[PDB]
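Just so you know, the sequences run in chain order A and B. Residue numbering for the first sequence follows the numbering used here, starting at 1 and increasing by one per position. Residue numbering for the second sequence follows the numbering used here, starting at 164 and increasing by one per position.
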Amino acid sequence: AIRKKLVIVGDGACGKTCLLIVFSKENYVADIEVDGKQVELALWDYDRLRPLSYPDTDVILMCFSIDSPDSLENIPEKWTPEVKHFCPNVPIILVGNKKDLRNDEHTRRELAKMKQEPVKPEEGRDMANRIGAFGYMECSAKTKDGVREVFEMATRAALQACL
Amino acid sequence: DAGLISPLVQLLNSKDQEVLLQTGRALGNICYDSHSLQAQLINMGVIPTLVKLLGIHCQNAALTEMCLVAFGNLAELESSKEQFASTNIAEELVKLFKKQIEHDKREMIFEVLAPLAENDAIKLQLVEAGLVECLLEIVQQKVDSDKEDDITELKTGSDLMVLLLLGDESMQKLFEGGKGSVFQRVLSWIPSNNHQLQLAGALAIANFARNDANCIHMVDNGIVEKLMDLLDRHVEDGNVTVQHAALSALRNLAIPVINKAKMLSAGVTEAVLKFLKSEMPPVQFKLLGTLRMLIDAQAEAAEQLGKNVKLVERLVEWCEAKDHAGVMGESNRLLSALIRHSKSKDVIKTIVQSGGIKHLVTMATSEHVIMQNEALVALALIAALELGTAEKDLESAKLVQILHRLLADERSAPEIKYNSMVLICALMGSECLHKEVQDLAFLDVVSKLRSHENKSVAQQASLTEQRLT
Ligand SMILES: *C/C=C(\C)CC/C=C(\C)CCC=C(C)C
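Structure follows, in structure tokens:
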């Protein structure tokens, strides 16, 4: 058994908390469950402070919603600098929340009223290679599409650090 | 495969150097990147056997290297650390760290210590062995040296010292009590102009500062003053990492009631507020933390901080940021805390004007029950003292509607203080509009009565106030 920790971060948390509560099968403990080689993942008065670099964090999931390209463009300015300074060497996974509402009648039409359109996977990978991500992966909270593929990817990112 | 390993492991008992080297090379691959097999090697159990080897063949170079890589790999498994703690490995790694000098050979030993150190019991063993001594000498030598190897050997030793101070037993041994012989030498890092040492020092301090007694004995010996000098150095720009570490220590030093006073007199509240402008959430967080701790029993301090319009305006600004929302929470609680501790009509008028009522109201519907009534109590104060100046913003916030929802509950005894904020808010003409929304049916049910004696009475009195006047 190997314990790895997963922080997760993004604009509005009805997009993100949707991502981790769907794996029931600010503190939570899921598993594999347990496919025979066991990997466990913990999630996100006196304060105890950790140096850098020996952080109690093995991988960050930077979340943006596909229905808001504002929430994608905020990534480099609002989320990345924090991680830059405080969690360096911690691998990142960029994550497009709610992939189901892309070509939709209600929400690409409502996005036009912002002079805008939904986020492409080109714009996603462009940001991922920009912020220095370990990888990218879109996923839908409500339709269960690509959800396990994020936690697959997160775990692979965590493990990769004889004689 | 248990067929394969059993003999390979029984080979490890060989007094022959060459035998080990090969049986090692074998054991090596596979299990290379096969944690399944590595895990079985722990059960065997090879760990205590390997620690013995390292001990006997330390003046050898070839296997000693290979031995360390094993430990570094094995330590990544959970089972390993408890097993490692039985071992003499703490003593044996330090005894090695002294002997070896080359930069490459140390960094290998460091990459074993770091994961093994996470085990709180190993920490103590390492300190007892004298790792702390070596670590400090590595810092001292290489403070003003600018060799890229030397600055990273500094960072390792300094940050590892910090790590060691997370173990409660180990830390308490080093804080001797502060001032001791190590703690002193770590303190001196905060006056220093080595950006890393500043960081380490602040963090070390904060980690020392993790029980009432230690935090007292530090505030009295002028740690609070030294931390402010560090903050005053990093005000305009730019090392956010250090701002945080220093703030984070103050926050801890301001936990016990005794120090709350003493720190206000030294003027922490002033120096801390210089980072109101900061746009870095972790710095924003430990700012708001340290304020909320400084004002806890102190009313007059809270009266000035409440009156301070610069601050209160920033708080209402942070409350209304959708993200993070780690900093949103801490901010929202301070708004309550300013009102609650000062009990000042002025600080209320400051907050209602900054637009803070609508936030205190939405905090009353928080999932954490402590925060819930902090909002309700701060709202109780708002209504008792300055209901006129507040009542217009209060209808806007839909407070009356929330309180009815609150009092048909699944549930809390915090419903009492709501039945008081209802009783008190009732005497405002623009105010409810609770009779136009029918609370009387819920109040007489609760009158007769919750398991709490106190919950019954105000509710039975609220029944009489809601029928008569
Ligand atoms: C990748 C290396 C692994 C998994 C560990 C292999 C080595 C051992 C097991 C221990 C052998 C060490 C000596 C014989 C000194």
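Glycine is no exception: its CB is placed at the ideal position from the N, C-alpha and C atoms.
Near ligand 1: residue i beta-carbon under 6 Å from a heavy atom
{"i": "residue 259 of chain B", "result": "no"}
{"i": "residue 187 of chain B", "result": "yes"}
{"i": "residue 190 of chain B", "result": "yes"}
{"i": "residue 297 of chain B", "result": "no"}
{"i": "residue 229 of chain B", "result": "yes"}
{"i": "residue 282 of chain B", "result": "no"}
{"i": "residue 173 of chain B", "result": "no"}
{"i": "residue 233 of chain B", "result": "yes"}
{"i": "residue 474 of chain B", "result": "no"}
{"i": "residue 222 of chain B", "result": "no"}
{"i": "residue 176 of chain B", "result": "no"}
{"i": "residue 378 of chain B", "result": "no"}
{"i": "residue 454 of chain B", "result": "no"}
{"i": "residue 256 of chain B", "result": "no"}
{"i": "residue 360 of chain B", "result": "no"}
{"i": "residue 180 of chain B", "result": "no"}
{"i": "residue 201 of chain B", "result": "yes"}
{"i": "residue 124 of chain B", "result": "Because residue 124 of chain B is not part of the residues shown, which for chain B are 164 to 632, the question remains open."}
{"i": "residue 14 of chain A", "result": "no"}
{"i": "residue 279 of chain B", "result": "no"}
{"i": "residue 162 of chain A", "result": "yes"}
{"i": "residue 159 of chain A", "result": "no"}
{"i": "residue 240 of chain B", "result": "no"}
{"i": "residue 167 of chain B", "result": "no"}
{"i": "residue 160 of chain B", "result": "Here chain B has residues from 164 to 632 only, and residue 160 of chain B is not among them."}
{"i": "residue 183 of chain B", "result": "yes"}
{"i": "residue 337 of chain B", "result": "no"}
{"i": "residue 226 of chain B", "result": "yes"}
C-beta atoms of residue i and residue j nearer than 7 Å
{"i": "residue 580 of chain B", "j": "residue 539 of chain B", "result": "yes"}
{"i": "residue 387 of chain B", "j": "residue 334 of chain B", "result": "no"}
{"i": "residue 18 of chain A", "j": "residue 141 of chain A", "result": "yes"}
{"i": "residue 541 of chain B", "j": "residue 502 of chain B", "result": "yes"}
{"i": "residue 233 of chain B", "j": "residue 285 of chain B", "result": "no"}
{"i": "residue 403 of chain B", "j": "residue 437 of chain B", "result": "no"}
{"i": "residue 621 of chain B", "j": "residue 575 of chain B", "result": "no"}
{"i": "residue 477 of chain B", "j": "residue 439 of chain B", "result": "yes"}
{"i": "residue 194 of chain B", "j": "residue 185 of chain B", "result": "no"}
Option nearest residue i by Cα separation, candidates the options
{"i": "residue 6 of chain A", "options": "A:86, A:40, A:144 and A:18", "result": "A:40"}
{"i": "residue 479 of chain B", "options": "B:521, B:206, B:571 and B:252", "result": "B:521"}
{"i": "residue 586 of chain B", "options": "B:232, B:574, B:602 and B:203", "result": "B:602"}
{"i": "residue 287 of chain B", "options": "B:482, B:252, B:164 and B:566", "result": "B:252"}
{"i": "residue 98 of chain A", "options": "A:133, A:71 and A:56", "result": "A:71"}
{"i": "residue 527 of chain B", "options": "B:497, B:546 and B:562", "result": "B:562"}
{"i": "residue 625 of chain B", "options": "B:574, B:599, B:570 and B:575", "result": "B:570"}
{"i": "residue 471 of chain B", "options": "B:225, B:604, B:513 and B:441", "result": "B:513"}
{"i": "residue 449 of chain B", "options": "B:491, B:277 and B:615", "result": "B:491"}
{"i": "residue 147 of chain A", "options": "A:4, A:100, A:92 and A:79", "result": "A:100"}
{"i": "residue 157 of chain A", "options": "A:91, A:131 and A:137", "result": "A:91"}
{"i": "residue 166 of chain B", "options": "B:182, B:203 and B:439", "result": "B:203"}
{"i": "residue 465 of chain B", "options": "B:445, B:509 and B:495", "result": "B:509"}
{"i": "residue 89 of chain A", "options": "A:36, A:23, A:52 and A:138", "result": "A:52"}
{"i": "residue 94 of chain A", "options": "A:104, A:73, A:102 and A:109", "result": "A:73"}
{"i": "residue 237 of chain B", "options": "B:214, B:257 and B:225", "result": "B:214"}
{"i": "residue 282 of chain B", "options": "B:307, B:308, B:259 and B:242", "result": "B:242"}
{"i": "residue 261 of chain B", "options": "B:279, B:235, B:250 and B:295", "result": "B:295"}
{"i": "residue 537 of chain B", "options": "B:504, B:227, B:557 and B:211", "result": "B:504"}
{"i": "residue 446 of chain B", "options": "B:468, B:463, B:420 and B:409", "result": "B:409"}
{"i": "residue 384 of chain B", "options": "B:429, B:525, B:395 and B:267", "result": "B:429"}
{"i": "residue 627 of chain B", "options": "B:604, B:493, B:246 and B:250", "result": "B:604"}
For residue j and residue i, believed in contact at Cβ under 8 Å, the rounded distance
{"i": "residue 229 of chain B", "j": "residue 187 of chain B", "result": "5 Å"}
{"i": "residue 415 of chain B", "j": "residue 54 of chain A", "result": "Rounded, the Cβ-Cβ distance is 19 Å, inconsistent with contact."}
{"i": "residue 218 of chain B", "j": "residue 255 of chain B", "result": "5 Å"}
{"i": "residue 475 of chain B", "j": "residue 517 of chain B", "result": "5 Å"}
{"i": "residue 275 of chain B", "j": "residue 235 of chain B", "result": "5 Å"}
{"i": "residue 272 of chain B", "j": "residue 231 of chain B", "result": "7 Å"}
{"i": "residue 69 of chain A", "j": "residue 130 of chain A", "result": "About 14 Å; that fails the 8 Å criterion."}
{"i": "residue 117 of chain A", "j": "residue 108 of chain A", "result": "6 Å"}
- Message: Pairs of beta-carbons, one from the stretch 58-67 of chain A and one from the stretch 5-19 of chain A, closer than 8 Å: are there three or more?
- Response: yes
- Taking three-plus beta-carbon pairs below 8 Å as touching, is the stretch 547-567 of chain B in contact with the stretch 576-593 of chain B? yes
- Take every Cβ of the stretch 337-352 of chain B, pair it with every Cβ of the stretch 291-301 of chain B, and state whether three or more of those distances are shorter than 8 Å. yes
- Message: Across the stretch 301-317 of chain B and the stretch 325-339 of chain B, are there enough close Cβ pairs to call them in contact, namely three or more that are closer than 8 Å?
- Response: no
- Query: Is the stretch 364-372 of chain B touching the stretch 316-332 of chain B in the sense that three or more CB pairs, one from each, lie closer than 8 Å?
  - Reply: yes
- Meets three-Cβ-pair contact criterion under 8 Å: the stretch 452-459 of chain B and the stretch 484-503 of chain B: yes
- Message: Check whether the stretch 74-91 of chain A and the stretch 24-33 of chain A touch, using three or more Cβ-Cβ pairs below 8 Å as the test.
- Response: no
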